[PDB]
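As structure tokens, the structure follows; a few thoughts come after it.
There are 2 protein chains.
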Amino acid sequence: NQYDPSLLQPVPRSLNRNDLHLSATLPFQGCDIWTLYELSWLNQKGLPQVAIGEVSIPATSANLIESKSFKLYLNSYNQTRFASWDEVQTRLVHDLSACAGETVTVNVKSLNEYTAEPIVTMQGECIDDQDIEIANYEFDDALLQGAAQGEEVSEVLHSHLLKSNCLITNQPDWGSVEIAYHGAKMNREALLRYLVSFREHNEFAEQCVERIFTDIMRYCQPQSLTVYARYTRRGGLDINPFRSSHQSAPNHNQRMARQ
Amino acid sequence: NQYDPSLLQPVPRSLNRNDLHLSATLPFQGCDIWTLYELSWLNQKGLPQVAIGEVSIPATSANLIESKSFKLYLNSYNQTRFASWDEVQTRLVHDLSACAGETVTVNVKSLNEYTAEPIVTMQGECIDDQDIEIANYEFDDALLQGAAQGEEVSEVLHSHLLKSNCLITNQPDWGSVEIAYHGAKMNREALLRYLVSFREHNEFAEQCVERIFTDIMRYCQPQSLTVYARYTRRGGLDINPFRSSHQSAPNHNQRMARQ
Ligand SMILES: NCc1c[nH]c2nc(N)[nH]c(=O)c12
Ligand SMILES: NCc1c[nH]c2nc(N)[nH]c(=O)c12
Ligand SMILES: [Mg+2]
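Chains B and A supply the protein sequences, listed in that same order. Using the deposited numbering, you'd call the opening residue of the first sequence number 29 and step up by one each time. Using the deposited numbering, you'd call the opening residue of the second sequence number 29 and step up by one each time.
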């Protein structure tokens, strides 16, 4: 099958935001950063081209794009001849923006642009090295009750232990998550227990990040908050949702060890 | 949801090797290097652990391991408590060795072992920048007929345009491939056309590398030859087959841009 934009499947963001009981105006801003590791098409003479794509979809877009549909759409490029890389980038912007309902940004980069680029970790302190027992992996937002009793602080925490189950497919999704806030100091055991409680929970990556943001806001009430997760790819695409009370986007899209 | 070695499914190497008209005495040595990006289990107190696994399966093993079955086997670790990282490595060596039919090597690495490690490209000259026209996409080993008529050389060539199809999932596989040899200098156009002709060919990653090796050996007759391909992951697992006249293992196992 060749180029087929009808393969793209929008999902309205409002569907799941409903269960978060979000007020008239969003309590966050941000974007979903996608990495497209398997971009490939043919040039006009039929010779294959390969590239990596970077896409930023605004959190305010009416729709997110369902990932399997995004994969199938990209595969439709594989046997299609295009006269230039410019055309490919242009079509991606057009088709993904039409699906999402808002202008998305797309970078199409040749593979040489990645030579010597680093694997990165996240900022601040890892909270994973704790001596606690966990036996109940059922989702429980109430694990955050009274979690922020401490002195007013600014800190950045991260964990590599985020896992949830894919809403449509049950297959596990693996991620790291970075939480930066200014407010009463958060209890790290409670936070890790809460994050681990996603382990047998069904939702999309974007929706998990919004749930973490909204739960921390309601239970811990920081003055400012950013939640950023980076998930490992499925079908050649990864999703990196960023949500913040005050920030727009992360500084870069550098990959982590499992990505 | 517990640890289950019965999920592993072997596939005999003999199926495709018989199709290549090879004897039990191989014309190559080497190994299949796998990267397990999503290795995760529970510690003795039920707290999730995450790691990256690096596995080497000897090319002399009776069997390769089917990738989906390998993924499902690894998933069975996700909700299983293990006493230590050493127990995990031991179980992996035991089960994977049993399935392959020969001792496999396993390294279980913490994610911090990858921090600030650079993405690499392949060695030598990239052959992809050619202004040629491709008229069909049918596999054709005869594209190598008379491809080695240059002076005696030792050189390393590579391409990022290797693609084949995975029949059992109906999904493309994407690879880069590095070819190092001592023999009559190879025609770059013939080599590139040959590799491009895999684009709609069904075979496993390991099998494609053996086909490339044996085709180059019979059509180009180098005195010595090494073929190393690095494929993008599927299901959290990537395969990197290495086959060589004289070398037992590749010089590195570092990830490339699309991996
Ligand atoms: N997690 C499973 C999943 C399936 N399709 C998806 N599409 C998007 N955008 N995000 C997701 O997390 C998923
Ligand atoms: N390429 C498709 C595929 C499916 N399962 C596989 N298992 C192995 N070991 N190699 C492969 O290439 C595949
Ligand atoms: Mg290293």
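Even for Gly, the Cβ is constructed at its ideal location relative to N, Cα and C.
Closer than 9 Å by beta-carbon distance: list the chain B residues that pair up with residue i, in chain order.
i	result
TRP202/A	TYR65, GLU66, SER68, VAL78, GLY264
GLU231/A	Ordered by position in chain B, no residue passes the 9 Å Cβ test against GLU231/A, which lies about 17 Å from the chain.
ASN103/A	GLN199, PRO200
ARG227/A	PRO76, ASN106, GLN107
Can you pull the chain A neighbours of residue i, defined as C-beta to C-beta under 8 Å?
i	result
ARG286/B	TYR65, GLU66, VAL78, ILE80, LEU139
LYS191/B	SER68, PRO76, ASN106
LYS73/B	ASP159, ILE160, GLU161, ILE162
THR260/B	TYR65, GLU66, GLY264
Kindly list, in the order they appear in chain B, the residues whose Cβ is closer than 8 Å to that of residue i.
i	result
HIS188/A	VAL78, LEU139
Would you kindly report the start and end of the unbroken beta strand (DSSP E) that includes residue i?
i	result
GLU180/B	176-193
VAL134/A	133-137
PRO146/B	Per DSSP, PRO146/B belongs to no beta strand (DSSP E) and is neither H nor E.
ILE85/A	76-86
Name, in chain order, the residues that DSSP records as bridge partners for residue i.
i	result
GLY58/A	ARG271/A
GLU206/B	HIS186/B, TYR256/B
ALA218/A	None, per the DSSP bridge assignment.
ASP266/A	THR63/A
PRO40/B	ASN91/B
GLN199/A	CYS194/A
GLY211/A	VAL181/A
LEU70/A	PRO76/A, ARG109/A
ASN230/B	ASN193/B
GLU153/A	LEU185/A
Residues of chain A with CB under 9 Å from residue i, in chain order?
i	result
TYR142/B	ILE147, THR149, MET284, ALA285, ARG286
Would you mind telling me which residues of chain A sit closer than 7 Å to residue i, beta carbon to beta carbon, in chain order?
i	result
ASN106/B	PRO200
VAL224/B	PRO76
For the alpha helix (DSSP H) containing residue i, name the first residue and the last one.
i	result
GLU115/B	113-128
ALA233/B	233-248
Take every Cβ of the segment 96-108 of chain A, pair it with every Cβ of the segment 250-262 of chain B, and state whether three or more of those distances are shorter than 8 Å.
Contact annotation: the segment 96-108 of chain A does not touch the segment 250-262 of chain B, with fewer than three C-beta pairs closer than 8 Å.
Exercise answer, beta-carbon shell around ligand 2 heavy atoms below 5 Å
The set, ordered by position in the chain, is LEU92/A, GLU94/A, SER95/A, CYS194/A, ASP201/A, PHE232/A, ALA233/A.
Is the segment 220-230 of chain B in contact with the segment 265-283 of chain B, if contact means three or more CB pairs nearer than 8 Å?
By the C-beta criterion, the segment 220-230 of chain B is judged not to be in contact with the segment 265-283 of chain B, since fewer than 3 inter-stretch pairs fall below 8 Å.
Does the segment 116-129 of chain A come into contact with the segment 120-140 of chain B, if we say contact requires no fewer than three beta-carbon pairs (one atom in each stretch) closer than 8 Å?
Cβ pair count under 8 Å is below three, so no.
Give a yes or no on contact between the segment 134-145 of chain A and the segment 42-59 of chain B, applying the rule of three or more CB pairs nearer than 8 Å.
Not touching, per the Cβ criterion.
Quick check: the segment 163-182 of chain A against the segment 173-181 of chain B, are at least 3 beta-carbon pairs closer than 8 Å?
In this structure the segment 173-181 of chain B does not touch the segment 163-182 of chain A; the number of beta carbon pairs closer than 8 Å is below three.
Would you call the segment 61-69 of chain B and the segment 272-283 of chain B in contact, with 3 or more CB pairs under 8 Å?
Contact between the segment 61-69 of chain B and the segment 272-283 of chain B is present, with at least three C-beta pairs closer than 8 Å.
Any contact between the segment 86-98 of chain B and the segment 147-160 of chain B? By contact I mean 3 or more CB pairs, one from each, below 8 Å.
By the criterion of at least three beta-carbon pairs nearer than 8 Å, the segment 86-98 of chain B is not in contact with the segment 147-160 of chain B.
Mind the definition here: the segment 70-82 of chain B touches the segment 46-53 of chain B only if three or more C-beta pairs lie below 8 Å; say whether that holds.
No, the segment 70-82 of chain B is not in contact with the segment 46-53 of chain B.
Would the segment 229-242 of chain B and the segment 32-49 of chain A be scored as touching if the rule is three or more Cβ pairs under 8 Å?
No, the segment 229-242 of chain B does not touch the segment 32-49 of chain A.
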